[PDB]
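For this chain, numbers begin at 1 and follow the sequence in order. Counting starts at 1 for both ligands and their atoms, following the listed order.
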Amino acid sequence: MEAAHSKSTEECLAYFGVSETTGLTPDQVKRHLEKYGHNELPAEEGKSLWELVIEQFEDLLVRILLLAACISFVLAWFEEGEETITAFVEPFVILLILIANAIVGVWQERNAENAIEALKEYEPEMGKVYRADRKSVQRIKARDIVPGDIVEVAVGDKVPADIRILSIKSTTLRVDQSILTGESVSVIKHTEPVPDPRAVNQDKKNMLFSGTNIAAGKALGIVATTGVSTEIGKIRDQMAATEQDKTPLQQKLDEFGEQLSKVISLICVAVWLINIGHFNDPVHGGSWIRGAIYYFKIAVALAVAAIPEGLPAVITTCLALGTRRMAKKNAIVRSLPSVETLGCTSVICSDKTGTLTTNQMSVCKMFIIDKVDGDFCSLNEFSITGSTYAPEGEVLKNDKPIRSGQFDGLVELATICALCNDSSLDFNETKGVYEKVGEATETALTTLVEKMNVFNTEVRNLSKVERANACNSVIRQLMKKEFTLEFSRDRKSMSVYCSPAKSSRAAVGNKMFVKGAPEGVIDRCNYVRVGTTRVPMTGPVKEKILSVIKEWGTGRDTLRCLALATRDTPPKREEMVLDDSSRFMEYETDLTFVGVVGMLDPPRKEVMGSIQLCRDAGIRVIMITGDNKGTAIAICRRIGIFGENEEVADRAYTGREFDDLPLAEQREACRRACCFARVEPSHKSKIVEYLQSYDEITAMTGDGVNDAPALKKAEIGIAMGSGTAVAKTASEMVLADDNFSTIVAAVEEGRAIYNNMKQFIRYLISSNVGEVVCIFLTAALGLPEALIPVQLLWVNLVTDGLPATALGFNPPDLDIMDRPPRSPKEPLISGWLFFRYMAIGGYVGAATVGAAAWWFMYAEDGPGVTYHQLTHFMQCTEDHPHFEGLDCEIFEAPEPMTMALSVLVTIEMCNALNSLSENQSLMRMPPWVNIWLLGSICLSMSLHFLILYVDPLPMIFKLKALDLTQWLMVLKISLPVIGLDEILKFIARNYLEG
Ligand SMILES: Nc1ncnc2c1ncn2[C@@H]1O[C@H](COP(=O)(O)OP(=O)(O)CP(=O)(O)O)[C@@H](O)[C@H]1O
Ligand SMILES: CC(=O)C1=C(O)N2[C@H](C1=O)[C@H]1c3c[nH]c4cccc(c34)C[C@H]1C2(C)C
Ligand SMILES: [K+]
Ligand SMILES: [Mg+2]
Ligand SMILES: [Mn+2]
Ligand SMILES: [Mn+2]
């Protein structure tokens, strides 16, 4: 059943053809269960660790290194009676890496806790119905409720389905709808039509929404919808639309996967063209068994050389460390990549209530009457400080602290605030904070009474649990509450009837203390309290007081105001009927006006300063709130989202006003406006979506169920530590201490991390370049591979491993938070930078093949000098006569390859220094800057020496140590790499773009 809010109750009843005093028949229920299904949200799984690892071995690139693992496996099985000893270390070091990279791939991409499950917390197991087969209410499984059911809800109930209210049995029905609005202040419901077809939830004052709860009262309704066709079901569906997105760089990775997986396919058929080049002269001396196997040997070496394995690890490590740094600021990152995604954020959307503000309603202004001089009426105004329910803060007069007990009118105000009140305050020993018990707007009065301390009660030595209600208790000892005239919609006030406690001195006679909406309470006042005296309420006085109250209600203030009054001479208890709320207004007449209090939900202290820092970093903050527009704009002004006099006509929108815009203007509104109010959970995700459709990287901050969709849609979702489980499990990061400042800190960390990543990804790739250049030089020319897989694997995973991780520890820049956010599209190399290490890569790729072949010809030991014969080793077995003065096995010596590797290891270790900075020469930026880079290379170096000098190591890696002349030759053929790039920096810091 649709549009239940605009139908009258008779139309809803007639639609299902049921009586409110009977309900559906059990047969009808059966038919509706068929037709509409059960009243429950579908669970959303998330692949077993099975289908996750499987998906790690799916993306093309990863297969390339599996190919060269199976091929490596075969070309290590049918290994001659020679060294089948360690031929399998290759197809295993590889087969091992792919294992490790998967387990890690999943340990960071997997979101443990499920936000749809948390949401089901709001689905009660049980609901109450009236069905035709019994007169009395029936308590059943909620999932068995169907459209058409007559349902009964009561105080403390979770509402089981979307329900048109038929009949309110209590005097009021007060509903907490925070899961759809973020607001915890009770909604007072009624049963009349809400004609607007486009009514937003905050307007549907005659509806009950599944998953909200009843803060008070009793009602009967008819179920309009169940299952996913409910408001909470829409939230469930937006969280189920699981886009499993990915970090900008993580999409760069996924991208480069496609990049590198073709570069290899091309280079392999390219090695094949130069392999088929001397296919026209094989002299068929070794058939093709030798040829089709020397070609796979090459593929495995190229594939291995191209893929920069170990990359996944240095990154994961970088991220994880980042996570550790943020945890120390009280930012709990739940997704490794996110720690860095925040860095490129350009727009931060934010819930207001409980996010930007404390979600703790606070009396911050009050007034009583000081003097009435005929027509003129002087008010005594005070402000009150503090922003939580904690009874911490002081009452100020002109900004200076005063003792509330000095003023008789305040004693009376406190008395009414304390007594005309169904709530209290409680100190939660487990969370370490004060919490309300009852309505927010009432607990604010409770808190006020504690701050006011009008009897100067000693409270400094109380436990926090006793302190919670101390000054309210002292007032209870003076006046005994005898009964309450509860709130009704017609009068918009409530009152409590009180007698002076036994042993008066207080003051003889019974009293009624009244609070309510100003206009109705003041209209029923005939007198005004001035100190302890009472004077007649006149028109001009009534008008001054109403005017000031109206200013408080619409200011830069926009406070909720209550007027406080007391009936000085109540009726006698016996003349009043308590069972009829319709009589209460009359009993609360002939009142004496006492004062007014104004409360708001105030900003957290750090928010303003954080917004400014964001602005300084080129980040926009947009408030998106379920709350009213007036309050929303006012809070925006207090926190510097808007100027205090800025005109915001087209900078602030309700969800409706936003919906009214042409679809084109909706997109543009999102770039211009910074406040969206009276919004539904969908509006928040829609705005995030628009933002993202300008390719803005966008964050969402929230604490509520109504933020869950936006939290899921944003590139980065951020939840408040003290907010809902649902919002937390929908996030990438949680601010455990609710400190908004931490977001600013997280951005910096993220920019720091982004800079170090991109360059250690360059350092690691410049490497994989030379290797390819080499595994291709020593392939096309027909030379004996200068390096083989098992060695490359060590280099890329370990030799370059440490140093890369060292670079992820370089110091962040000093202006890092004075730049605008980097563009999402920004590559990782451009023009100058690409050919930069295609030059450093052309050097490594060569200087390695060139120090291995050196050991042949112009080197001492030194088979050796063969020249054109060296590029022709295939015919040493066959065409031996050519090779006279040499053996036919010394073409497979460890020394030459140890020369090659020792060059790479030496070039890369150097290439790690020119990686410390992008442009700043080592001249102007010392190599002693990042000490950890030093310990990093000395480790890589001392590991290199190892696999050269340890009985096993050199056989598994095919190395044979180098003389001190074999190392002078290495250095004098490696170090120059520094001067090379070093001059590439001098030609970029001046004549390029600096
Ligand atoms: N228990 C209580 N005792 C006394 N006064 C109360 C009260 N609960 C609410 N009020 C006062 O009476 C008014 C009645 O609230 P009501 O149902 O009219 O909502 P609202 O006007 O705040 C709703 P909306 O934002 O959707 O238009 C409140 O604004 C408040 O001043
Ligand atoms: C088993 C497994 O999950 C993985 C792997 O096995 N790896 C990475 C990877 O994620 C591969 C990868 C995909 N996209 C990129 C970009 C840059 C670098 C890498 C990758 C490393 C790749 C490899 C093969 C080491
Ligand atoms: K997200
Ligand atoms: Mg909120
Ligand atoms: Mn992977
Ligand atoms: Mn109202």
Side-chain angles (χ1 to χ4, degrees), residues 52-69 94-109 111 115 178-179 181-184 239 242-247 249-261 303-304 306-316 334-335 337-338 341 350-359 601 623-627 681 684-685 688 692 698-720 722-724 727 730-733 761 764-765 768 793 796-797 828:
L52 281 190
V53 192
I54 272 60
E55 288 177 32
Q56 291 288 301
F57 295 92
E58 285 186 22
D59 78 310
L60 208 56
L61 199 281
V62 164
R63 305 162 145 201
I64 312 275
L65 202 55
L66 183 80
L67 188 87
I94 300 184
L95 187 35
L96 204 62
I97 290 322
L98 283 72
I99 276 175
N101 287 339
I103 69 182
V104 168
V106 161
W107 179 83
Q108 77 172 30
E109 144 268 1
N111 193 10
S178 56
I179 61 148
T181 74
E183 297 307 320
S184 257
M239 288 156 73
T242 306
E243 45 203 56
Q244 327 104 350
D245 260 29
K246 33 191 149 197
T247 271
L249 254 165
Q250 157 54 23
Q251 172 60 7
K252 306 283 208 329
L253 307 197
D254 225 20
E255 156 215 352
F256 188 73
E258 304 162 324
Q259 266 281 312
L260 198 41
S261 62
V304 159
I307 302 173
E309 55 277 310
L311 208 215
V314 48
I315 290 186
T316 297
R334 324 189 334 118
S335 181
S338 305
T341 244
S350 187
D351 178 53
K352 165 177 85 58
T353 299
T355 303
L356 260 14
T357 63
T358 59
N359 191 26
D601 167 37
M623 169 184 298
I624 306 176
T625 175
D627 199 8
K684 314 207 179 198
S685 49
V688 164
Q692 282 169 338
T698 113
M700 170 73 182
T701 317
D703 65 320
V705 183
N706 67 315
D707 293 319
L711 290 164
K712 273 223 32 208
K713 196 73 166 193
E715 272 82 15
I716 163 144
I718 305 177
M720 303 306 284
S722 82
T724 53
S731 285
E732 274 73 46
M733 168 175 334
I761 284 175
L764 279 183
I765 211 53
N768 288 256
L793 282 169
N796 292 327
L797 198 72
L828 294 172

_Tell me the closest heavy-atom pair linking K684 and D707, and the distance in Å._
NZ-OD1, 2.7 Å

*asked:* Restricting to non-hydrogen atoms, name the atom on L98 and the atom on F57 that form the minimum distance, rounded to 0.1 Å.
replied: O-CZ, 3.3 Å

*For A102, is the nearest heavy atom under 4.0 Å from an atom of ligand 2?*
yes

*Member of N359, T355, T724 meeting the side chain to side chain donor-acceptor pair (under 3.5 Å) criterion with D703*: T355

_Distance filter under 3.4 Å, centred on the K ion (ligand 3) - protein N, O or S atoms that pass it_ = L711 O, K712 O, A714 O, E732 OE1, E732 OE2

*Below 4.0 angstrom from a heavy atom of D59, which ligand 2 atoms are there? Numbered from 1 as shown, please.*
13 (C), 14 (N)

_If you define the side chain from C-beta out and look only at heavy atoms, does anything of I315 sit under 4.5 Å from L253?_
yes

*asked:* Quick test of your reading of the structure: of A313, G257, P312, whose heavy atom lies closest to atom 21 (C) of ligand 2?
replied: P312

*Result of checking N101, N796, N768 against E309 for side chain to side chain donor-acceptor pair (under 3.5 Å)*: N796

*Can you name the N/O/S atom of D351 that is nearest the Mg ion (ligand 4)?*
OD2

*asked:* Heavy-atom pairs closer than 4.0 Å: do any link ligand 2 to the side chain of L311, the backbone, both, or neither?
replied: side chain

_Which of the numbered atoms in ligand 2 are under 4.0 angstrom from any heavy atom belonging to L61?_
11 (C), 12 (C), 22 (C), 24 (C)

_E183 and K352, any side-chain heavy atoms less than 4.5 Å apart_ = yes

*asked:* I need the atoms of ligand 2 closer than 4.0 Å to a non-hydrogen atom of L98, numbered in the order shown.
replied: 1 (C), 6 (O)

_Checking one value in my table: which N/O/S atom of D703 lies closest to the Mg ion (ligand 4)?_
OD1

*Examine all N, O or S atoms of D707, backbone included, and report whether one is under 2.8 Å from the Mg ion (ligand 4).*
no

*Please test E243 against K713 for salt bridge (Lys or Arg N to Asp or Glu O under 4.0 Å), starting from the C-alpha separation and ending with a verdict.*
CA-CA 8 Å; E243 45 203 56; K713 196 73 166 193; 3.3 Å; yes

*Considering only the protein, which heavy-atom contact is closest to atom 15 (C) of ligand 2, and what is its distance?*
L253 O, 4.2 Å

_Side chains of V304 and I307, heavy atoms from C-beta outward: is any pair under 4.5 Å?_
no

*Numbering the atoms of ligand 2 from 1, which are under 4.0 Å from a heavy atom of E309?*
25 (C)

_Could you check whether any side-chain heavy atom of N111 comes within less than 4.5 Å of a side-chain heavy atom of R334, counting everything from C-beta outward?_
yes

_Looking only at protein heavy atoms, which one is nearest to atom 24 (C) of ligand 2, and what is the separation?_
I307 CG2, 3.6 Å

*Hey, what do you get for CG (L711) to OG (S731), rounding to the nearest 0.5 Å?*
4.0 Å

_One pair to check against side-chain hydrogen bond (donor to acceptor under 3.5 Å, both in side chains): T341 and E732. What are the steps and the verdict?_
CA-CA 10 Å; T341 244; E732 274 73 46; over 6 Å; no

*Heavy-atom pair with the smallest gap, counting every atom of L356 and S350*: CD1-OG, 3.3 Å

_Whether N359 has an N, O or S atom under 2.8 Å from the Mg ion (ligand 4)_ = no

_Minimum-distance pair of heavy atoms, taken over all atoms of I99 and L95_ = CG1-O, 3.5 Å

*For atom 25 (C) of ligand 2, closest protein heavy-atom neighbour*: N101 ND2, 3.1 Å

*So which heavy atom in the protein is nearest atom 3 (O) of ligand 2, and how far is it from that ligand atom?*
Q56 OE1, 2.6 Å

*For ligand 2, which atoms have a heavy atom of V62 less than 4.0 angstrom away?*
1 (C), 2 (C), 4 (C), 5 (C), 6 (O), 7 (N), 8 (C), 9 (C), 11 (C)

*Where is the tightest heavy-atom contact between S261 and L60, given as atom of each residue plus distance?*
OG-CD2, 3.3 Å

